[PDB]
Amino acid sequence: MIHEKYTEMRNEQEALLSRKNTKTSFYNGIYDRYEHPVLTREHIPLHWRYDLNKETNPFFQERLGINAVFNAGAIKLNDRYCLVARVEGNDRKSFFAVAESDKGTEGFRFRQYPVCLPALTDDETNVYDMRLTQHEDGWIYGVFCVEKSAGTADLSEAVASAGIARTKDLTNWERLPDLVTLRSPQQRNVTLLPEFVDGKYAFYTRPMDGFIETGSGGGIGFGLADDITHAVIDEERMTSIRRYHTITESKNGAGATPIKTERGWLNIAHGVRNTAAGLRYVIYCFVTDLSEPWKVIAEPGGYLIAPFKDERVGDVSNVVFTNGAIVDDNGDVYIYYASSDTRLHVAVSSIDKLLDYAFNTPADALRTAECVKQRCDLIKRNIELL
């Protein structure tokens, strides 16, 4: 009852869905880039898009297209690499779907169905950018962006909030109430630390007036929540603050979930600046203190990832954006950054490498003269070698 191109297409998918990934000539001493993305719109199973019944669909047309899969939460569940990816269909709404692999640089395959998540309100128009936390309390939390319309004359005006839901398998989800932030009407780039702080749940947040425009409101705020089941945040202490003429000028916020090291919380975050061609996103790093995570103790100058070569172009071009990372027990680190809001790539590093960077890469000299002196010094002691 098939229609018979299906067999052939299903055959080409499998070839892509198993396509071997290779490392690129790219070097900087910190991470490695790879030739192919780990997830594309081509990766979504065809029976999520096509109706294979020959009677109600005779030409064999795509009934529900996928436009993009990007910004993806990452977590290692048991011994499989799990990517809770943001999948965007042709209708512009995004939803979550899990993809699994055993190598982390290739072989990712979506599950049987996409992720089901109870709407709390009925004006929840779409959800995105989930960050995954394997907390010490036993659960796995997904904290994600919830976008609703503002009832205004401007059809484009929408309000953003932060929603929380818990799982243990990634199939079943318990939708907890949305996080409340009392000194901030909207929230973006919210994420939960894997450990308690003063016997409470710890968040990184971005307070803001709403919703394209950051408020006052300098950057990434640290907040404590008494109970996650009814999460409330009265204060948000400032950590990474945006600075004029840095990589953070217009915006900045958390990316991958905080990663615990012996020297502190490694936050692979993102910064936004305004350019003549629109907004430019890049991926930078910063380390906060283990016993005091509101305290930035490492913060290099500039960025770690920027759009590079064919990463430059997509639906929202000159954007790189990480939602999540995977840390192996031996020291291996996998960073899942999307490019141009169209595809998901992988960058490979280690804890010691990523810690070498941030403590030892020089902080921002902030002004051209001091920057020149800063570079001159390095040149001056590289020549006092040969």
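In this text, residue numbers run from 1 along the sequence as written.
- Relative to one another, 205-213 and 249-257 have unequal mean CA B-factors, and 205-213 is the one with the higher figure.
- Of the two segments examined, 303-311 and 99-107, it is 99-107 that shows the higher average Cα temperature factor in the deposited entry.
- The residue among 124, 178, 198, 91 whose C-alpha atom has the highest B-factor in the PDB entry is 198.
- Sort the chain's modelled residues by C-alpha temperature factor and residue 271 lands in the lowest third, per the entry.
- Per-chain ranking of the deposited C-alpha B factor places residue 39 in the middle third.
- The entry lists a Cα temperature factor for residue 298 that places it in the lowest third of the chain's modelled residues.
- In this PDB entry, the Cα temperature factor of residue 141 sits in the middle third of its chain's modelled residues.
- Ranked by C-alpha B-factor against the other modelled residues of its chain, residue 59 falls in the highest third.
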